[PDB]
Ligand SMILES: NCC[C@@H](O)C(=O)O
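Below, in C-alpha cells: the form deposited without this ligand, a single chain.
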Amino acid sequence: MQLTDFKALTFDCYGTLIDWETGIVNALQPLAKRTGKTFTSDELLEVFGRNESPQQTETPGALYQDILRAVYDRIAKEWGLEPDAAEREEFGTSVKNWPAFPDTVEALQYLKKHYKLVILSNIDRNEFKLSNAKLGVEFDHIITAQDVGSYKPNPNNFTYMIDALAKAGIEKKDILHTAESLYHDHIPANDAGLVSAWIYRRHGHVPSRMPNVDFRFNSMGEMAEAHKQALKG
C-alpha cells in the first residue's frame, strides 16, 4: 500500500482543499457585527450547522447560494435581527471568498505533476469554478451533486465518479479518495471499494461508524511531502 500505487486522486473540495469553516466564520462577520455580540469561531460554526440542517434535501437544489441565503435568514432571525437584503446577497454569494488552507495550493501543484486530479463536490459547479481560480491547478474531472442527483454520502455520487473515471481510463483500484470528512467521503468510499486518504485537518456530522482509512495526513502539504519521501526511497 503506497501512495505511488495510484493514478488518480479524487478530492473533496470544501473542507479538504478550501477551508469552508473559515469562509463561513468570515462570511458571518457583517451580520454578527450587527448583533453587537462577539462570537467565537466555534459558536458561529454551531449556529451555521444547526441552521443549515433544515435546508438539506434529497434532490440537490441547482444553486448552493439558495441554501446559504436561507441559512442567512434563519440566523438573522435566531439573533433577533431583521434580515437585510444586502447582507443576505453577500452571504449567499460568499463561496468565492472562502479561502484555501495555507498548504493547499503548493500541495496541489506538486500532486498535479503526478496524478489525474478529480473533484467530487456537494457545492455547484459555478461556485466551484470560483474556488478553482484560487486552487492553482486545473482539475481533470469535476463531478457535482447536481450532476448526480444526490449529495454525498449517497453511494450514487461515488458510483457516478467511478464510472466517469473508468470511461476516462482509470481503473477503480488506481483511485485514492482524498478527503477530510469521514461521514461525507470515507464511509461511502469504503462502501464503493476505494482506498482512502484521510486529510484530518482540525480533527481532535457524526459518521455512523469509523471508516477504514489507508493513509492519514494532517494536511495536503503533508500528503505531498509523503509522496516526495516515497520517491526518495
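All residue numbers refer to positions in the sequence shown, first residue = 1. Heads up, when I say rigid core I mean the largest set of C-alphas that superpose within 1.5 Å between the two forms.
Same protein, other form: the form solved in complex with this ligand, not shown, and the subject of what follows.
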Notebook entry, point to check: Should this chain be marked open or blocked when this ligand, placed as in the deposited bound form by superposing the nearby C-alphas, has its atoms checked against backbone and C-beta atoms at 2.4 Å, with 3 or more hits meaning blocked?
Noted result: open
Next item on the list: Check, residue by residue, if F101, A107 and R201 all come within 4.5 Å of this ligand in the deposited bound form, counting heavy atoms only.
Entry: no
Margin query: Residue-level question: is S131 within 4.5 Å of this ligand in the deposited bound form, judged on heavy atoms?
Written below: no
Check: Is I24 a contact residue for this ligand in the deposited bound form, using a 4.5 Å heavy atom cut-off?
Finding: no
Note to self: Can you tell me whether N190 touches this ligand? I mean in the deposited bound form, with a 4.5 angstroms heavy atom cut-off.
What the structure shows: no
Next item on the list: Spell out, yes or no, whether the shortest heavy atom distance between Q65 and this ligand in the deposited bound form is within 4.5 Å.
Entry: no
Checklist line | Candidate stretches 66-74, 163-171, 31-39, 176-184 - the one whose heavy atoms come within 4.5 Å of this ligand in the deposited bound form | finding: 176-184
Margin query: Within 4.5 Å of this ligand in the deposited bound form, counting any non-hydrogen atom, which residues from 102-131 show up?
Written below: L120, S121, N122
Item checked: Displaced residue between the shown form and the other one, judged on C-alpha after the rigid core is fitted, out of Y72, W98, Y115, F158 (threshold 2 Å or more) -> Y72
Margin query: Using the rigid core as the reference frame, would you say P54 shifts its C-alpha by 2 Å or more between the shown form and the other one?
Written below: yes
Notebook entry, point to check: Taking the rigid core as reference, does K167 move its C-alpha 2 Å or further between the shown form and the other one?
Noted result: no
Next item on the list: Superpose the two forms on their rigid core, then report whether the C-alpha of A179 is displaced by 2 angstroms or more between the shown form and the other one.
Entry: no
